[PDB]
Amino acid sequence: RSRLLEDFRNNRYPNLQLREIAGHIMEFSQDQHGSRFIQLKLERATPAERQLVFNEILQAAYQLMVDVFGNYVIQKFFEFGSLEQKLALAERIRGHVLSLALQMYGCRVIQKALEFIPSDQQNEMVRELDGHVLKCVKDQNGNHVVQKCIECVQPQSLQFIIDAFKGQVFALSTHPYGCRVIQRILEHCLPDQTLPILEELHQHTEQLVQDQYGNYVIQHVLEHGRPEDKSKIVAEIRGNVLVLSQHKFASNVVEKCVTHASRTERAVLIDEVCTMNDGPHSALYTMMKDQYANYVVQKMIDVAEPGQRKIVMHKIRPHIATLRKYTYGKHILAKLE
């Protein structure tokens, strides 16, 4: 390194200033303590002081966008720099988007830059992803970037991402990074576009609720979706209430079904299991005794009306001195009051 920096790593300069590290901006930024020294002084800095530094981040900007320390520095400028340094940084970035989006460091920046630019540059920076949509949605770095777009970017500039997901919904609603994206779209995108998705979604409601993350997506719509889409799902559940509340994943979804259904639907779903006797005993006998099902049951009571709840507990008197036996049942006896 240089002594200047060596002296900084040894604490030999207590009131070190920006001007005093001219010619060494870069080096500093690829060094943890110096990157950190700059990140701080940039916030409390004169316009002359920032530009000084800027001058030296520009010609090796890409290098610092990928450095493990150099990347917070570029990001500071997006936060606290001038409009012109922000567009200038954009410049730097044009036609480098895809690569930085997939890089461990570059995409943090990209993620920040996407947050601090007018729609014009925002709109521009995104189309560079066109035709590598699915490649980014399934990347470990790329995926927060796409998510970052769906959030920051005006929705009408992202039809290419709705298209890209066509007939792809299940593979992604059943993917690790794939399903967070699908949530964003349903949180941000226009009716025009959340229609094909919600459509494929319903195509595999039964399967998705059994997926590791697939359910998180059905779970999303139940909570946040339009009441027309809820009812369709709850309907997928109606009947299957027994076979799914014993599922490790599917239980979590019936849960939110009983929570987010119509008043009516809700009182029908609940009742379904208070009178669809299964085997030796009745329906909710198993649900009580089951490692996952009991939460579904405890939820039954939660959302219930005083009328239909009374009836539930009346069906749960015949086994009071029966649940003490099974421990998962034990968490139920502490409610019949």
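Residue positions are given as counts along the sequence shown, with the first one as 1.
Mean CA temperature factor is higher for 304-312 when stretches 304-312 and 40-48 are set side by side in the entry.
30-38 and 57-65 differ in mean CA B-factor, and the higher of the two is recorded for 57-65. Remark: of 183, 212, 193, 251, 193 shows the highest value [criterion: C-alpha B-factor in the PDB entry]. Across the residues 226, 260, 86, 96, the deposited record lists the maximum Cα B factor for 226. In the PDB entry, a CA B factor belonging to the highest third of its chain's modelled residues is recorded for residue 203. Sort the chain's modelled residues by C-alpha temperature factor and residue 121 lands in the middle third, per the entry. Compared with the other modelled residues of the chain, the Cα B-factor recorded for residue 9 ranks in the highest third. When the modelled residues of the chain are ordered by their C-alpha B factor, residue 167 lands in the middle third. Split the chain's modelled residues into thirds by C-alpha temperature factor. Residue 144 is in the lowest one.
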